[PDB]
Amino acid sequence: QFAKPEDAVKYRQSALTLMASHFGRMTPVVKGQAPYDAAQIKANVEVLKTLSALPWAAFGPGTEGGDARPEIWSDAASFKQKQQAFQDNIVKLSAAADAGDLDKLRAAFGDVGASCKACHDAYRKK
C-alpha cells in the first residue's frame, strides 16, 4: 500500500486526522458539557481503538516526509516509547468505555491527550 514514501505519508496523515476526530469529539462529554451516553461512547472508543493502531506501520524504513521529524528514525527506541505510551493509554480508554465508567473515562482521556502532545513536542515539525 505504500509504494513510495509519499504514499505512507498520505496514509499516516489520514489515519491521524480520523483519530483526532474520534478523540476530540468526546471532549464535551468528559468535561460534563454533554450527557454521557455509555453505549454510544463505547462504540466510538472502539472506532478510535482500531484507528489508533494504524499510523505506526506507515513510519517504516525510508518514509521520511510530511511533518515527521527525522528523529523518529534516528531515535527509534525513544519514538517507540512515545508510541507505546499512547497505545497503552488507548487500552485504558477502552477499559473505561467498555465498563461505562465516566470518571475513569475522563482520567484515561486525559492520559491519552497528553501522550498525543508529548509525541508531537518531540517528533512533529512546527
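Each residue number is its position in the shown sequence, starting from 1.
Of the two segments, 49 to 57 and 66 to 74, the one listed with the higher mean B-factor is 66 to 74 (C-alpha atoms only). As the entry records it, the average C-alpha temperature factor is higher for 75 to 83, out of 75 to 83 and 90 to 98. Split the chain's modelled residues into thirds by C-alpha temperature factor. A38 is in the middle one. Placement of the Cα temperature factor of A3 within the chain: highest third of the modelled residues, per the deposited record.
Among the modelled residues of the chain, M19 sits in the highest third by CA temperature factor in this PDB entry.
Split the chain's modelled residues into thirds by C-alpha temperature factor. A118 is in the middle one.
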